[PDB]
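Student: This is model.cif, which holds mmCIF, C-alpha atoms and all ligand atoms:
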```cif
data_entry
#
loop_
_atom_site.label_atom_id
_atom_site.label_comp_id
_atom_site.auth_asym_id
_atom_site.auth_seq_id
_atom_site.Cartn_x
_atom_site.Cartn_y
_atom_site.Cartn_z
CA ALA A 11 19.13 -15.12 -10.80
CA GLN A 12 18.81 -11.34 -10.67
CA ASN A 13 18.69 -9.55 -7.24
CA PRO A 14 19.19 -12.72 -5.18
CA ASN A 15 19.41 -10.84 -1.84
CA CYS A 16 15.88 -9.32 -2.59
CA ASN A 17 16.98 -5.71 -2.14
CA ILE A 18 14.62 -2.85 -2.89
CA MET A 19 15.63 -1.44 -6.29
CA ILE A 20 15.28 2.20 -7.40
CA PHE A 21 14.65 3.03 -11.05
CA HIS A 22 15.16 6.26 -13.03
CA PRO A 23 13.32 5.78 -16.40
CA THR A 24 13.95 8.28 -19.15
CA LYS A 25 10.99 10.10 -20.70
CA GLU A 26 11.03 7.61 -23.57
CA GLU A 27 11.04 4.63 -21.18
CA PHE A 28 8.09 6.25 -19.29
CA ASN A 29 5.73 5.84 -22.23
CA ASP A 30 4.87 2.21 -22.03
CA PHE A 31 3.85 1.24 -18.48
CA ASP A 32 3.53 -2.53 -19.00
CA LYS A 33 6.87 -2.71 -20.78
CA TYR A 34 8.67 -0.86 -17.91
CA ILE A 35 7.16 -3.16 -15.25
CA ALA A 36 8.37 -6.13 -17.24
CA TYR A 37 11.84 -4.48 -17.51
CA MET A 38 12.03 -3.96 -13.75
CA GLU A 39 11.16 -7.62 -13.24
CA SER A 40 13.89 -8.63 -15.77
CA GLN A 41 16.32 -6.96 -13.34
CA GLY A 42 14.90 -8.83 -10.31
CA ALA A 43 12.93 -5.96 -8.76
CA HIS A 44 10.02 -8.16 -7.74
CA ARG A 45 12.13 -10.30 -5.52
CA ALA A 46 12.12 -7.46 -2.91
CA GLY A 47 8.31 -7.12 -2.95
CA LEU A 48 8.65 -3.34 -3.48
CA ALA A 49 10.43 -0.98 -5.94
CA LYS A 50 10.80 2.79 -6.19
CA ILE A 51 10.36 4.62 -9.51
CA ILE A 52 11.64 8.22 -9.79
CA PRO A 53 9.87 9.86 -12.82
CA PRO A 54 11.95 11.68 -15.44
CA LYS A 55 12.51 15.33 -14.73
CA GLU A 56 10.25 16.33 -17.72
CA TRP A 57 7.19 14.67 -16.13
CA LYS A 58 4.54 16.04 -13.83
CA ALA A 59 1.31 14.58 -12.38
CA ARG A 60 -0.56 17.87 -12.60
CA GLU A 61 0.25 21.61 -12.71
CA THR A 62 -0.34 22.55 -9.01
CA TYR A 63 -1.90 21.26 -5.78
CA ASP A 64 -3.24 24.73 -4.86
CA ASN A 65 -6.88 23.86 -5.48
CA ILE A 66 -7.46 20.54 -3.51
CA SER A 67 -8.80 21.88 -0.23
CA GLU A 68 -12.43 21.33 -1.01
CA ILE A 69 -12.14 17.56 -1.56
CA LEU A 70 -14.27 15.83 1.14
CA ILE A 71 -13.05 13.11 3.45
CA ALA A 72 -16.49 11.64 4.21
CA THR A 73 -15.32 9.21 6.85
CA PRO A 74 -11.96 10.09 8.48
CA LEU A 75 -10.65 7.15 10.50
CA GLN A 76 -8.99 7.50 13.99
CA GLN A 77 -6.46 4.71 14.31
CA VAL A 78 -6.57 3.47 17.93
CA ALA A 79 -3.85 1.00 18.97
CA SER A 80 -3.81 -1.89 21.49
CA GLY A 81 -0.80 -3.96 22.55
CA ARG A 82 2.86 -3.18 23.07
CA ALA A 83 5.04 -0.70 21.22
CA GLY A 84 6.47 -3.21 18.75
CA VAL A 85 3.48 -5.61 18.49
CA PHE A 86 0.03 -4.03 18.30
CA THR A 87 -3.27 -3.95 16.48
CA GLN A 88 -5.24 -0.90 15.43
CA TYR A 89 -8.97 -0.35 14.96
CA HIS A 90 -10.52 2.36 12.97
CA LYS A 91 -12.97 4.66 14.72
CA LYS A 92 -15.14 6.61 12.32
CA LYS A 93 -15.13 10.47 12.69
CA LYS A 94 -17.27 13.22 11.29
CA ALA A 95 -16.66 14.37 7.67
CA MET A 96 -14.17 17.05 6.96
CA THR A 97 -12.61 18.75 3.94
CA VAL A 98 -8.96 18.30 2.91
CA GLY A 99 -8.37 21.92 4.08
CA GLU A 100 -9.87 21.12 7.46
CA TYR A 101 -7.82 17.87 7.70
CA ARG A 102 -4.57 19.65 6.75
CA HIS A 103 -5.13 22.18 9.57
CA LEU A 104 -5.78 19.32 11.98
CA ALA A 105 -2.64 17.45 10.89
CA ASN A 106 -0.57 20.66 11.52
CA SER A 107 -2.09 21.28 14.98
CA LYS A 108 0.01 20.89 18.11
CA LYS A 109 -1.83 17.62 19.02
CA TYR A 110 -1.03 15.92 15.68
CA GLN A 111 2.00 17.57 14.07
CA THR A 112 5.30 15.85 13.39
CA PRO A 113 7.76 16.41 16.31
CA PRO A 114 11.12 17.93 15.89
CA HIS A 115 13.62 15.40 14.57
CA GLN A 116 17.13 15.07 13.12
CA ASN A 117 16.56 12.89 10.12
CA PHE A 118 14.35 10.06 8.84
CA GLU A 119 16.06 7.50 11.13
CA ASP A 120 15.38 9.59 14.26
CA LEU A 121 11.74 9.97 13.20
CA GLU A 122 11.46 6.20 12.62
CA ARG A 123 12.80 5.61 16.18
CA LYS A 124 10.21 8.03 17.55
CA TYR A 125 7.39 6.34 15.55
CA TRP A 126 8.16 2.89 16.96
CA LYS A 127 8.68 4.13 20.47
CA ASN A 128 5.56 6.28 20.70
CA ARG A 129 2.97 5.33 18.07
CA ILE A 130 0.72 3.33 20.40
CA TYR A 131 0.23 6.32 22.74
CA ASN A 132 -1.48 8.41 20.13
CA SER A 133 -4.51 8.00 17.79
CA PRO A 134 -3.84 9.77 14.45
CA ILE A 135 -6.67 10.40 11.95
CA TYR A 136 -6.29 8.98 8.36
CA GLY A 137 -8.37 9.88 5.23
CA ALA A 138 -8.24 6.58 3.45
CA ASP A 139 -9.62 4.83 0.59
CA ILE A 140 -11.33 7.87 -1.07
CA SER A 141 -12.34 7.04 -4.68
CA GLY A 142 -10.82 9.62 -6.99
CA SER A 143 -7.70 10.93 -8.78
CA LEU A 144 -5.38 13.91 -8.73
CA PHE A 145 -3.70 13.19 -12.08
CA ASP A 146 -4.46 15.72 -14.79
CA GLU A 147 -6.36 14.19 -17.67
CA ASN A 148 -3.67 15.41 -19.99
CA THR A 149 -0.90 13.51 -18.19
CA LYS A 150 -0.38 10.55 -20.49
CA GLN A 151 2.45 8.71 -18.76
CA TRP A 152 1.92 6.77 -15.49
CA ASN A 153 -1.49 8.23 -14.95
CA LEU A 154 -3.02 5.91 -12.31
CA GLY A 155 -6.54 6.60 -13.56
CA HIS A 156 -5.66 5.43 -17.15
CA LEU A 157 -4.06 2.10 -16.57
CA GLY A 158 -5.13 -1.16 -18.26
CA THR A 159 -7.81 -2.77 -16.06
CA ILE A 160 -7.41 -6.05 -14.16
CA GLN A 161 -10.61 -7.32 -15.81
CA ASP A 162 -9.13 -6.71 -19.22
CA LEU A 163 -5.86 -8.44 -18.22
CA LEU A 164 -7.80 -11.53 -16.99
CA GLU A 165 -9.71 -11.50 -20.25
CA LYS A 166 -6.56 -11.18 -22.35
CA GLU A 167 -4.77 -14.01 -20.48
CA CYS A 168 -7.58 -16.44 -19.83
CA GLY A 169 -10.28 -15.54 -22.39
CA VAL A 170 -13.14 -14.98 -19.92
CA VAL A 171 -14.98 -11.65 -19.88
CA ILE A 172 -16.01 -10.56 -16.41
CA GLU A 173 -17.91 -7.72 -14.69
CA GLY A 174 -16.09 -5.16 -12.52
CA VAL A 175 -14.17 -1.98 -12.56
CA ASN A 176 -10.75 -0.84 -11.27
CA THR A 177 -10.40 2.85 -10.10
CA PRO A 178 -7.85 4.73 -7.98
CA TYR A 179 -8.02 5.78 -4.38
CA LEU A 180 -6.71 8.85 -2.51
CA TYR A 181 -5.11 8.77 0.95
CA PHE A 182 -4.69 11.85 3.09
CA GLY A 183 -2.24 11.16 5.98
CA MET A 184 -0.71 12.78 9.01
CA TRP A 185 2.11 11.98 11.43
CA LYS A 186 1.84 8.40 12.73
CA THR A 187 -0.94 7.32 10.35
CA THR A 188 -0.25 3.66 9.81
CA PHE A 189 -0.73 0.96 7.20
CA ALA A 190 -0.83 -2.51 8.73
CA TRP A 191 0.98 -5.60 7.41
CA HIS A 192 -0.82 -6.92 4.29
CA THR A 193 -0.61 -8.13 0.75
CA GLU A 194 -3.04 -6.76 -1.84
CA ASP A 195 -6.48 -8.22 -2.51
CA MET A 196 -5.99 -11.42 -4.56
CA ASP A 197 -2.18 -10.83 -4.15
CA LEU A 198 -2.36 -8.14 -6.92
CA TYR A 199 0.30 -5.52 -7.61
CA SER A 200 -0.20 -2.03 -6.32
CA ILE A 201 1.21 1.30 -7.46
CA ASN A 202 1.31 4.33 -5.14
CA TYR A 203 2.18 7.90 -6.11
CA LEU A 204 2.98 10.40 -3.31
CA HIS A 205 1.44 13.61 -4.74
CA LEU A 206 2.44 16.06 -2.03
CA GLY A 207 3.62 16.62 1.47
CA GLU A 208 5.68 14.66 3.93
CA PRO A 209 7.25 11.24 3.33
CA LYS A 210 5.91 7.69 3.78
CA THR A 211 8.20 4.98 5.24
CA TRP A 212 7.65 1.42 3.96
CA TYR A 213 8.63 -2.01 5.22
CA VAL A 214 8.42 -5.09 2.96
CA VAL A 215 8.98 -8.88 3.12
CA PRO A 216 10.23 -10.60 -0.10
CA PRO A 217 7.42 -12.67 -1.68
CA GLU A 218 9.49 -15.83 -1.42
CA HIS A 219 9.51 -15.38 2.37
CA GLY A 220 5.96 -14.28 2.96
CA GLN A 221 5.00 -17.46 4.83
CA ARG A 222 7.72 -16.64 7.46
CA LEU A 223 5.93 -13.44 8.23
CA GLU A 224 2.56 -15.29 8.41
CA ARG A 225 3.95 -17.84 10.89
CA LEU A 226 5.31 -15.04 13.12
CA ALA A 227 2.01 -13.22 12.96
CA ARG A 228 0.12 -16.36 14.06
CA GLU A 229 2.49 -16.58 17.07
CA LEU A 230 2.15 -12.89 17.99
CA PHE A 231 -1.59 -12.58 17.48
CA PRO A 232 -2.81 -15.96 18.67
CA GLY A 233 -6.55 -15.07 19.24
CA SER A 234 -6.81 -13.44 15.83
CA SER A 235 -5.15 -16.46 14.19
CA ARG A 236 -7.76 -18.82 15.76
CA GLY A 237 -10.50 -16.58 14.48
CA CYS A 238 -9.38 -16.60 10.84
CA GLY A 239 -6.87 -18.58 8.79
CA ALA A 240 -5.98 -15.37 6.83
CA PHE A 241 -6.33 -12.69 9.45
CA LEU A 242 -3.67 -10.40 7.93
CA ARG A 243 -6.37 -9.71 5.30
CA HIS A 244 -8.07 -7.70 8.07
CA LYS A 245 -5.29 -5.15 7.79
CA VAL A 246 -4.97 -4.43 11.54
CA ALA A 247 -1.66 -5.95 12.74
CA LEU A 248 1.65 -4.16 13.24
CA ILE A 249 5.09 -5.68 13.97
CA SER A 250 8.14 -3.45 14.33
CA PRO A 251 11.47 -3.84 12.53
CA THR A 252 13.13 -4.63 15.84
CA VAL A 253 10.69 -7.53 16.45
CA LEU A 254 11.11 -8.77 12.88
CA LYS A 255 14.94 -8.79 13.32
CA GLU A 256 14.64 -10.59 16.67
CA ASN A 257 12.62 -13.33 14.97
CA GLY A 258 14.87 -13.60 11.87
CA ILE A 259 12.24 -12.44 9.37
CA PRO A 260 13.78 -11.16 6.14
CA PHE A 261 12.63 -7.57 5.28
CA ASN A 262 13.73 -4.25 3.86
CA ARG A 263 12.76 -0.64 4.40
CA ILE A 264 12.70 2.53 2.31
CA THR A 265 11.28 6.06 2.54
CA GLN A 266 9.15 7.46 -0.33
CA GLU A 267 9.14 11.20 -0.91
CA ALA A 268 6.74 13.46 -2.76
CA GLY A 269 6.96 12.97 -6.51
CA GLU A 270 7.97 9.32 -6.33
CA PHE A 271 6.14 6.08 -7.24
CA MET A 272 6.28 2.83 -5.34
CA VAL A 273 5.22 -0.52 -6.83
CA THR A 274 4.32 -3.48 -4.65
CA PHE A 275 4.58 -6.93 -6.27
CA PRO A 276 2.32 -9.97 -5.89
CA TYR A 277 2.47 -11.49 -2.41
CA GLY A 278 4.89 -8.78 -1.12
CA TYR A 279 3.77 -8.08 2.45
CA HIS A 280 4.16 -4.42 3.33
CA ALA A 281 3.45 -1.96 6.18
CA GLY A 282 4.42 1.62 6.97
CA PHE A 283 3.68 5.07 8.29
CA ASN A 284 3.37 8.69 7.24
CA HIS A 285 5.77 11.38 8.49
CA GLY A 286 3.29 14.29 8.43
CA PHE A 287 0.51 15.75 6.29
CA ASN A 288 0.56 14.11 2.83
CA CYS A 289 -1.58 12.89 -0.02
CA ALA A 290 -1.04 9.67 -1.96
CA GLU A 291 -2.95 7.97 -4.79
CA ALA A 292 -2.88 4.20 -5.34
CA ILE A 293 -4.50 1.50 -7.44
CA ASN A 294 -4.17 -2.24 -7.94
CA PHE A 295 -3.04 -3.72 -11.29
CA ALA A 296 -2.19 -7.04 -12.84
CA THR A 297 0.26 -8.47 -15.37
CA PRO A 298 0.53 -11.96 -16.89
CA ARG A 299 2.84 -13.01 -14.06
CA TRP A 300 0.12 -12.19 -11.46
CA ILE A 301 -2.30 -14.89 -12.65
CA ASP A 302 -0.56 -17.72 -10.81
CA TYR A 303 -0.47 -15.66 -7.62
CA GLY A 304 -4.13 -14.87 -7.92
CA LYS A 305 -4.98 -18.55 -8.18
CA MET A 306 -3.08 -19.31 -4.92
CA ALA A 307 -4.05 -16.20 -2.86
CA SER A 308 -5.38 -16.82 0.62
CA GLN A 309 -8.69 -15.66 1.52
CA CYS A 310 -10.51 -14.37 4.65
CA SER A 311 -13.95 -16.05 4.89
CA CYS A 312 -14.68 -15.07 8.59
CA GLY A 313 -16.47 -11.95 7.51
CA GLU A 314 -14.03 -9.35 8.71
CA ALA A 315 -12.10 -8.44 5.54
CA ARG A 316 -15.14 -7.33 3.41
CA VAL A 317 -13.94 -6.06 0.00
CA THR A 318 -14.91 -4.52 -3.32
CA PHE A 319 -17.44 -5.67 -5.81
CA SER A 320 -14.78 -6.60 -8.37
CA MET A 321 -13.08 -9.27 -6.18
CA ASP A 322 -16.11 -11.51 -6.67
CA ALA A 323 -15.22 -12.39 -10.26
CA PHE A 324 -11.53 -12.90 -9.45
CA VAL A 325 -12.44 -15.55 -6.81
CA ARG A 326 -15.16 -17.07 -8.94
CA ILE A 327 -12.93 -17.61 -12.00
CA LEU A 328 -9.49 -18.21 -10.39
CA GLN A 329 -10.58 -20.05 -7.22
CA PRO A 330 -13.89 -21.83 -7.95
CA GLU A 331 -13.43 -24.38 -5.11
CA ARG A 332 -13.15 -21.52 -2.56
CA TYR A 333 -15.90 -19.36 -4.05
CA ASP A 334 -18.94 -20.60 -2.08
CA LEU A 335 -17.20 -20.33 1.33
CA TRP A 336 -15.65 -16.93 0.51
CA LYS A 337 -18.99 -15.53 -0.68
CA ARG A 338 -20.70 -16.66 2.58
CA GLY A 339 -18.05 -14.48 4.31
CA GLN A 340 -19.12 -11.55 2.12
CA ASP A 341 -22.88 -12.11 2.98
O1 LIG A 401 -0.37 4.46 1.55
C1 LIG A 401 -1.05 3.67 2.31
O2 LIG A 401 -1.69 3.99 3.38
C2 LIG A 401 -1.19 2.21 2.02
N1 LIG A 401 -0.89 1.92 0.60
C3 LIG A 401 -0.67 0.69 0.18
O3 LIG A 401 -0.72 -0.38 0.93
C4 LIG A 401 -0.35 0.49 -1.27
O4 LIG A 401 -0.18 1.44 -2.06
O5 LIG A 401 -0.34 -0.76 -1.56
MG MG A 402 -10.85 21.27 -3.93
NI NI A 403 -0.93 -2.11 -0.06
ZN ZN A 404 -11.02 -13.10 8.45
#
```
Translate the structure of the given file into structure tokens.
Tutor:
Amino acid sequence: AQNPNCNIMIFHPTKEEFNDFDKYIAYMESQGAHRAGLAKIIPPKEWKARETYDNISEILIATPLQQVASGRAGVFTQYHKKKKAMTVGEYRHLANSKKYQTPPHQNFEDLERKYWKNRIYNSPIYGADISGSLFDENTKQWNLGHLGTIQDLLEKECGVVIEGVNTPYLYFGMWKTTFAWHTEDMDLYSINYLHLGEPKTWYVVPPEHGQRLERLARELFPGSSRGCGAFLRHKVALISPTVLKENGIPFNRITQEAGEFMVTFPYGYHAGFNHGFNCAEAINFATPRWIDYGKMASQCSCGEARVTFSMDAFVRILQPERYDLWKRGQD
């Protein structure tokens, strides 16, 4: 068995290996990369996502979200308070202001210590989930707006044609902006490219151990667990590495820098935070190996998780017994 300790693997494809996206994902899996839940892909030196980032300031963040925490430093939830629209240039100036800027630090480990100690005492503002792309149309390799669609994969594997579309999303972050513990919708893969700016630190639980994280979360968030049998789908709960180690939960951590891709694998729980002003692009995707995970994915039916149009068909075809209850949650 390849990668039996479930370590995060880092890949350096050549320009020739960067041509065929599906083939390279399958290669990484042949080496055991999926067992970690997360892999890093460093593009060949010949590649670029676009020529410059000098002309992005006029992108609008229609609904910036202020991430307000409740709880204790290592075990907390966050809710998202909606703020007035602002441009990417306006948000960048805000991120760099004395109230929001990254503090002085020695290295990534010192910054990580500061994040866990102090996050709850601040409310950073995140531009999330903005439909769009920063890849140049002429970039042919690993262009997250030109991937094979999940609807086409389902149709190729299972023969059923379904409605829905699959497009990328932009994230504009600042110091302390936080992504809560989650797997993807329908336990899909994700791919995330850090276009510019400061790093993003990730934490991940191997897919084979995901239920250990779920049992800890039910213990730590007991009201939320009574409310919903899949409350991590709400994407609001944070648990620190120190608390995970205290409770014997297997995990790994890695820091992504600008110019690097991360891939999350089916049922790989992940969480993390941004170091300072940055911009990332991400999209979900599928492969043949995903289908069995899609069929077994948990679902939130309490009403909180509310998701995209295209998840309807995935539930309807892969999980027909659950469909009626899930759809009641959506309506
Ligand atoms: O970058 C973020 O805020 C969160 N991204 C992801 O969870 C991802 O790419 O799967
Ligand atoms: Mg612009
Ligand atoms: Ni994710
Ligand atoms: Zn729910």
Student: Taking only C-alpha atoms and all ligand atoms and a cut-off of 9 Å, can you tell me which residues surround ligand ZN 404 (chain A), written as a VMD selection string?
Tutor: chain A and resid 234 to 235 237 to 244 309 to 316 339
Student: Let me see if you get this right: every residue at most 7 Å from ligand LIG 401 (chain A), counting all atoms listed in the file, written as a ChimeraX atom specification.
Tutor: /A:181,188-189,194,200-202,274,280-281,290,292-293
Student: Excluding same-chain residues fewer than 3 positions from residue 93 (chain A), what lies within 9 Å of it counting all atoms listed in the file, as a list in words?
Tutor: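 Neighbouring residues, sequence-local ones excluded: residues 72, 73, 74, 75, 76, 96 and 135 of chain A.
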Student: Could the residues of region 172-211 of chain A that have an atom at most 8 Å from region 148-163 of chain A be listed as a Markdown table, each with its closest atom pair and the distance in Å to one decimal, counting all atoms listed in the file and ordered by chain and ascending residue number?
Tutor:
```
| residue | atom | partner | partner_atom | distance |
| --- | --- | --- | --- | --- |
| A:172 | CA | A:161 | CA | 6.3 |
| A:173 | CA | A:161 | CA | 7.4 |
| A:174 | CA | A:161 | CA | 6.7 |
| A:175 | CA | A:161 | CA | 7.2 |
| A:176 | CA | A:159 | CA | 5.9 |
| A:177 | CA | A:155 | CA | 6.4 |
| A:178 | CA | A:155 | CA | 6.0 |
| A:201 | CA | A:154 | CA | 7.9 |
```
Student: 9 Å from ligand MG 402 (chain A) is the threshold here; counting all atoms listed in the file, which polymer residues fall inside it? Answer as number ranges by chain.
Tutor: A: 64-70, 97-99
Student: Tell me, in Å to one decimal, how far CA of residue 219 (chain A) is from CA of residue 38 (chain A).
Tutor: 19.9 Å
Student: What's the 9 Å shell around residue 180 (chain A), counting all atoms listed in the file, without same-chain residues fewer than 4 positions away, as a PyMOL selection string?
Tutor: chain A and resi 137-144+289-292
Student: What is the CA of residue 112 (chain A)-CA of residue 248 (chain A) distance in Å, reported with one decimal?
Tutor: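 Spanning CA of residue 112 (chain A) to CA of residue 248 (chain A) is a straight-line distance of 20.3 Å.
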Student: Using all atoms listed in the file, pick whichever of A:222, A:22, A:245, A:60 has the shortest atom-to-atom distance to ligand NI 403 (chain A).
Tutor: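 Among A:222, A:22, A:245, A:60, it is A:245 that comes nearest to ligand NI 403 (chain A).
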Student: Looking at A:283, A:296, A:246, A:25, which one is nearest to residue 124 (chain A), with distances taken over all atoms listed in the file?
Tutor: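 That would be A:283, the residue with the smallest distance to residue 124 (chain A).
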Student: Please provide the set of residues having any atom within 6 Å of residue 45 (chain A), restricted to all atoms listed in the file, with same-chain residues fewer than 2 positions apart removed, written as an NGL selection string.
Tutor: :A and (16 or 42-43 or 47 or 216)
Student: Store the residues picked out above, limited to C-alpha atoms, as an mmCIF file, in the coordinates of the input.
Tutor:
```
data_model
loop_
_atom_site.group_PDB
_atom_site.id
_atom_site.type_symbol
_atom_site.label_atom_id
_atom_site.label_comp_id
_atom_site.auth_asym_id
_atom_site.auth_seq_id
_atom_site.Cartn_x
_atom_site.Cartn_y
_atom_site.Cartn_z
ATOM 1 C CA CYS A 16 15.880 -9.320 -2.590
ATOM 2 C CA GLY A 42 14.900 -8.830 -10.310
ATOM 3 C CA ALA A 43 12.930 -5.960 -8.760
ATOM 4 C CA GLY A 47 8.310 -7.120 -2.950
ATOM 5 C CA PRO A 216 10.230 -10.600 -0.100
#
```
Student: Between A:330, A:220, A:114, A:269, which one has atoms that come closest to residue 54 (chain A), using only C-alpha atoms?
Tutor: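 That would be A:269, the residue with the smallest distance to residue 54 (chain A).
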